[PDB]
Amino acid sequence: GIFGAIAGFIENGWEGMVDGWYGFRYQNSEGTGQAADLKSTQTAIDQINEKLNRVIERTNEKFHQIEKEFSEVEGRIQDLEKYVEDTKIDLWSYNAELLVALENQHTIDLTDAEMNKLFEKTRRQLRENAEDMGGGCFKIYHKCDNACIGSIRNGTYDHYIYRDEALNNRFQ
């Protein structure tokens, strides 16, 4: 991936996560835990959901057309009938090949991006209270119970109240 999150600095995915596409795992004095992030999951799903409808017109009716199979050799008129149809088929086959390739490329890149964005959103919240361990993990340097992990998860974490403790554990 171009952001280097999925199959990048995040080593592998979590099979035991069935309630969302992205999320958190944590450990503190109260134990370990797992929770999905729904905003991240939703953003990804909306972009992917019926994504072709944004470029392919709702299948429309086609009635009487030209003949495409012949039982006799006729020459000039038939050659053209055959050539026109062969041309149309080849062009649409190319469209299909390219559309799928591009759409897939887009799907990898956007889901990779969401992973990265969720990471950077968390980093920013934590400020100087945490360091990046690698592997997509944060080492938080203050007492941090389930209620506190919760405030990180829902975006209401206040770094200012833990800062003095955190800077003390980080640098002594």
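Numbering starts at 1 and follows the sequence shown.
Undergrad: Hey, which bit's got the bigger mean C-alpha B factor in the entry, 99 to 107 or 47 to 55?
TA: Comparing 99 to 107 with 47 to 55, the higher average CA B-factor belongs to 47 to 55.
Undergrad: Which has higher Cα B-factors on average according to the PDB entry: 123 to 131 or 58 to 66?
TA: Result of the comparison: 58 to 66.
Undergrad: Should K117 be placed in the lowest, middle or highest third of its chain by the C-alpha B factor in the entry?
TA: Lowest third - that is where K117 ends up once the chain's C-alpha B-factors are sorted.
Undergrad: Place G13 in the lowest, middle or highest third of its chain's C-alpha B-factors, as listed in the PDB entry.
TA: Ranked within chain, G13 CA B lands in the middle tercile.
Undergrad: Ranking every modelled residue in this chain by its Cα temperature factor as given in the entry, which third contains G155?
TA: Its C-alpha B-factor belongs to the highest third of this chain's values.
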